[PDB]
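What follows is one structure encoded as structure tokens, with my remarks underneath.
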Amino acid sequence: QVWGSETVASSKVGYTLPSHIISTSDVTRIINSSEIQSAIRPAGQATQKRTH
Amino acid sequence: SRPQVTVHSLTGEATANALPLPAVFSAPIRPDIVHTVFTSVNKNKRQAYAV
Amino acid sequence: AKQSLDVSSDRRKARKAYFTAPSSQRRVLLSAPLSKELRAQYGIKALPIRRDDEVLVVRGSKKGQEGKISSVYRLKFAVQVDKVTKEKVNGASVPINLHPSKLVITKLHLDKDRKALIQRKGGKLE
Amino acid sequence: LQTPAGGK
Amino acid sequence: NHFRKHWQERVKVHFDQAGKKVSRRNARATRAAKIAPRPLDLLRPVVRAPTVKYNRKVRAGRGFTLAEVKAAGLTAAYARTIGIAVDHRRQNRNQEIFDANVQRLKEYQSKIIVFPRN
Amino acid sequence: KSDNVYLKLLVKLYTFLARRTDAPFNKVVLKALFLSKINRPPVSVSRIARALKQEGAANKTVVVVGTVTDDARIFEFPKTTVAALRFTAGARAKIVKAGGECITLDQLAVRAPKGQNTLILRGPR
RNA sequence: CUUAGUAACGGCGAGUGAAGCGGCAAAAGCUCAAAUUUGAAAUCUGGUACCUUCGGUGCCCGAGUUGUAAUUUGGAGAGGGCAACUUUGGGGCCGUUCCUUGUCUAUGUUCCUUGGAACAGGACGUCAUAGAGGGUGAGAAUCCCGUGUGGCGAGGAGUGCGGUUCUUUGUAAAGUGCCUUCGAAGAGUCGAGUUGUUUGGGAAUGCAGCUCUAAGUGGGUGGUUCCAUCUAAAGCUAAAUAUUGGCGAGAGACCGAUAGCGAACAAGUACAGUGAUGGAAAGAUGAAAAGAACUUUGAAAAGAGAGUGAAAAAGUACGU
RNA sequence: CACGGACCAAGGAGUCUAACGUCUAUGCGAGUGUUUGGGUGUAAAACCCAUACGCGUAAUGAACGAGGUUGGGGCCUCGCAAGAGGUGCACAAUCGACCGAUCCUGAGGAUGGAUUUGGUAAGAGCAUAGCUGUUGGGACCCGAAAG
Numbered sequence: 260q261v262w263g264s265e266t267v268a269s270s271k272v273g274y275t276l277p278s279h280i281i282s283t284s285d286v287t288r289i290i291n292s293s294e295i296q297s298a299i300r301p302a303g304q305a306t307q308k309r310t311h
Numbered sequence: 002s003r004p005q006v007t008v009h010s011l012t013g014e015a016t017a018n019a020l021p022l023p024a025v026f027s028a029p030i031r032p033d034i035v036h037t038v039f040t041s042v043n044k045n046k047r048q049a050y051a052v
Numbered sequence: 002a003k004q005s006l007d008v009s010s011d012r013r014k015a016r017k018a019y020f021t022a023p024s025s026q027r028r029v030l031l032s033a034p035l036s037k038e039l040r041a042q043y044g045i046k047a048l049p050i051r052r053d054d055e056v057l058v059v060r061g062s063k064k065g066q067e068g069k070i071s072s073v074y075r076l077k078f079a080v081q082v083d084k085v086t087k088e089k090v091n092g093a094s095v096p097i098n099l100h101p102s103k104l105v106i107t108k109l110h111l112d113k114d115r116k117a118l119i120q121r122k123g124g125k126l127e
Numbered sequence: 059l060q061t062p063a064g065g066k
Numbered sequence: 012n013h014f015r016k017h018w019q020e021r022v023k024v025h026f027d028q029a030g031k032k033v034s035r036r037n038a039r040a041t042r043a044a045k046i047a048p049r050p051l052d053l054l055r056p057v058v059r060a061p062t063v064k065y066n067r068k069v070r071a072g073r074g075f076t077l078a079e080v081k082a083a084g085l086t087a088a089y090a091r092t093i094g095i096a097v098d099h100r101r102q103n104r105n106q107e108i109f110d111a112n113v114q115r116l117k118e119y120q121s122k123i124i125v126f127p128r129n
Numbered sequence: 020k021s022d023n024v025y026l027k028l029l030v031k032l033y034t035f036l037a038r039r040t041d042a043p044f045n046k047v048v049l050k051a052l053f054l055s056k057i058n059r060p061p062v063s064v065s066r067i068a069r070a071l072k073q074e075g076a077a078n079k080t081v082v083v084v085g086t087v088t089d090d091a092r093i094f095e096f097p098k099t100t101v102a103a104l105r106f107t108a109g110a111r112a113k114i115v116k117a118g119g120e121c122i123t124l125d126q127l128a129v130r131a132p133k134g135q136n137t138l139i140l141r142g143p144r
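Residue numbers (the entry's author numbering), protein chains in the order written: chain R, 260 to 311; chain H, 2 to 52; chain C, 2 to 127; chain V, 59 to 66; chain L, 12 to 129; chain A, 20 to 144.
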């Protein structure tokens, strides 16, 4: 009641709960999704073998 | 749904009664905002000094 | 936790109020605990100390010694127990300036005023 | 008797 | 700038603000203790402001006029002892304001209780 | 220059998507995140409706880097979905009541990693 | 607080600079003049004898009629008739509120280790509306002084009020409605012309001087042909308001002996000036001086042994 | 040349405030600004608030279509890449619209008719903090013929 979830009033007239700018903070989970992984091109070994 | 933390009696026994989260704990954690607000709130309790 | 606004907790104020406290207040300052043997009868935990009283030593190099109080030195907050003395290079005896807060009273004087105070502080002489 | 200043 | 004078000689920093609120609260508590039975403030009338930039806002007034007190079923001298402010230099012009003041006085009279002189 | 953890996470995700997809949409969106507040004026809901008024733009998705501010000069709103970092209470309520939907940049990337059918709008300068 | 750095001034250059209203802390209103008490100067200062002595009573003298008593003053008010109109003080005592002040109000000093010493480290227990602070040979809740907590007294202020009791009283004193007859307005003052000053205040903002001098259905200030507010030239008033001075308290993201008040100490002291005035430097031994007993060197300053102490790497010229 | 330097311990010089401005970080956003004040309080701490007020949102009373074209980040379609078309963000160029507003007019005394114009042409501002830009306050410090 003091903070006002979506289902109830906050009692702090003129205020509302903050809105997240990102749905999920786990970027790895989003990146490791099947859709993105299929749409993402393959990557290399991440280490450049020395040449000459 | 919204998980509910079980009520613990004075003896530490997990009582069957539980309450859903008030949704406040799902708010966006902003360490920068908290630090900036603290750096100014902590200055409100001060007394002036001069020579 | 302090609640009253009339009693300051400042270190400097307390030190000033003690380094120049009057002798009458110093009398209360020099209160000493009573031996549990006496505490069993009277119940009072502590009472002032005077010459006619008998006290025991529990702390310091003189720990374990006991004797009658020779004199009370309120100016330096020192209480001198009889038979507890230090011999100078010339052989002159000098009482050691003990503190009543470290001694324990083993025999209480029973002056009329002391007896009245015992009842005043919830005691019961028997 | 008058309206209270601020909140209640 | 507006600092060619010795402004530094008169700079009152309002450090008392924190303590001034507590002092005012203590004074109000003391008045309540002394004036326990009666309210801390007198019943003030409702009035309409001049200066059309603000006339649209209804606000309280200083004290009821003699005509309003007479229409309220009591007298100015008697009304003062009941806590109703009376203004001897205010003349009622608007009829709605007079009616509102009369209704407020009637409500106050109905809601008050006066202790016996005993 | 910002210090928001969520903003940094979104920047990292968009950089990864742009570098691992070569789609210019991701690069353009990420470049906008490196713009200061003055360089990111809000886009009014009226501007979003105007952009949707274009031929074939009703079915397209609209993405706003800045803040989607409400507008009192319009009553009807298209039943479209708007993705932006900051959504004002009035604009969000109007979009929800008009049958639309509001989502964050990460949700839009998940739905459209390459930004298919996406439209980018920016406020006037 | 805003108004507002606005209106407005400004060799219209620098700069100066309000006020209405609005938001809030507080509210208490009033007392005289001018009306005959005229069926009674009904008023009061002072001396004297008493008492229930911050004053009251009797007597006496005097002040006042060139005005002391009562009512009243723009909200008007006053002399009468009517309503079977409505009401009634002080003191003595106890308690209540407050000032000062005394007092009651918990628990280890239990063991192991060290250390000069326990407050220190470890082991085992207790109070906590008391874990704020100080002293006790080093960092102490439980050694003491102290704080939270309530509780018991004493000396005063007292009419802010809760009880008991004496007195009223007198064709005495008041309040509202109706009818009736009257119904009183502050002068060398407003104002005008001028000089000097000030104000944003040009519309001359006020002030002081100077020539003249005002009216009572009369007069000040402002606005559409008039209109709105008071009606001064007499006086009293608690609360918000300031506080580098005096008294007592609660505190500081302040300085810490070349810093901080000039003065942490023998500081407004020493010291200089025929004088108004100027004006400093200087803190620390150790727990207790336990401050060189005692032997020897020279007369001594002190030196060499011995001795106290945790330390003499503490020797009065002493924390480091 | 010269000003200063015998040596050493300490002290010592871009610090504070008022007004306006750019950039940067955060909140809200056509709204923003609690703390002049009230409630409250573990008591100068922290949490809420009515009413007014500073700024802008409508300029000097703005919907002929708040509009046509040229491009334009991106998107879509055609495609194996090149290549072609549509939509077209901000934005720029351009032809135009309405308000304030400028000459004719005639319906008895205003509409309308062509321009220009300073704005609208679909809000973007307020608040808290950091560096920084300019002026007044002793203004980096000691110091000058002194009323």
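Even for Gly, the Cβ is constructed at its ideal location relative to N, Cα and C.
Taking the C-beta atoms as reference points, A:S55 is found no nearer than 7 angstroms to A:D90. Under the 7 angstroms criterion on CB atoms, R:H311 is classed as non-interfacial with respect to chain H. Put simply, the CB of R:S297 is far from chain A, with every gap to its CB atoms at 7 angstroms or more. Under the 8 angstroms Cβ criterion, the segment 82-102 of chain C does not count as touching the segment 14-21 of chain C, having fewer than three qualifying pairs. For H:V25, a Cβ of chain R is located within less than 7 angstroms of the residue's own Cβ.
When the five nearest sequence neighbours on each side are left out, the beta carbons in the same chain lying within less than 7 angstroms of the beta carbon of C:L126 are those of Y43, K116, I119, in order along the chain. Around the beta carbon of L:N37, fewer than 16 other beta carbons lie within 10 angstroms, which makes this residue exposed.
Comparing alpha-carbon positions, the option among C:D114, C:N91, C:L76 lying closest to C:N98 turns out to be C:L76.
The distance from the Cβ of A:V82 to that of A:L138 is about 7 angstroms, consistent with a contact at the 8 angstroms cut-off. Put simply, the CB of A:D125 is far from chain H, with every gap to its CB atoms at 7 angstroms or more. Leaving aside the five residues that flank L:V69 on each side, the residues in its chain whose CB is nearer than 7 angstroms to its CB run, in chain order, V57, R59. Cβ neighbours of L:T76 within its own chain (closer than 7 angstroms, five residues either side excluded): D98, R101, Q102, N103.
Inter-residue distance for R:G303 and A:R39 is about 11 angstroms (C-alpha atoms, whole angstroms). For the C-beta of R:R288, not a single chain A residue is nearer than 7 angstroms; the gap to the nearest is close to 10 angstroms. The C-beta of H:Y50 has fewer than 16 other C-beta atoms within 10 Å across all chains shown, which makes the residue exposed.
Rounded to the nearest angstrom, the gap between the Cα atoms of R:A268 and A:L104 is 25 angstroms. Sequence-distant partners of H:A24 (beyond 5 residues in either direction) whose C-beta falls short of 8 angstroms from its own C-beta, in its chain, are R3. The C-beta of C:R121 has fewer than 16 other C-beta atoms within 10 Å across all chains shown, which makes the residue exposed. A distance below 7 angstroms separates the beta carbons of H:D33 and A:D22. Ranked by Cα distance from V:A63, the options L:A44, L:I124, L:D52, L:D27 are led by L:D52. H:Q5 carries a strand assignment under DSSP once its states are collapsed to helix, strand and coil. According to the DSSP assignment, C:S24 belongs to the alpha helix (DSSP H) that extends over 24-30. Counting along the chain, the unbroken beta strand (DSSP E) around C:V73 starts and ends at 67-74. Within the segment 81-123 of chain C, the complete beta strand (DSSP E) segments of 3 residues or longer fall at 86-88, 94-96, 104-108, listed in chain order.
Taking CB atoms only, L:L54 has a neighbour in chain V less than 7 angstroms away.
Under a criterion of Cβ atoms nearer than 9 angstroms, no residue of chain R is adjacent to A:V82; the nearest Cβ is some 13 angstroms distant. Membership of L:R59 in the beta strand (DSSP E) is indicated by the continuous run 57-59. If the five residues before and after R:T275 are omitted, its C-beta is found closer than 8 angstroms to the C-beta atoms of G263, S269, all from its own chain and listed in chain order. By the neighbour-count definition (other C-beta atoms within 10 Å, threshold 16), L:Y89 is an exposed residue. At least 7 angstroms separates the CB of H:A51 from every CB of chain R. At the C-beta level, A:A37 and A:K46 come within 7 angstroms of one another. Chain order gives the chain H residues near R:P277 as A28, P29, where near means a beta carbon separation below 7 angstroms. Within the DSSP secondary-structure output, A:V87 pairs in a beta bridge with A:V62, A:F106.
Non-local beta-carbon contacts of A:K79 in its own chain, meaning distances under 6 angstroms to residues more than five positions away in sequence, involve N136, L138 in chain order.
DSSP, read as helix, strand or coil, puts L:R36 in helix. Taking 7 angstroms as the cut-off, the Cβ atoms of C:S62 and C:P96 do not count as close.
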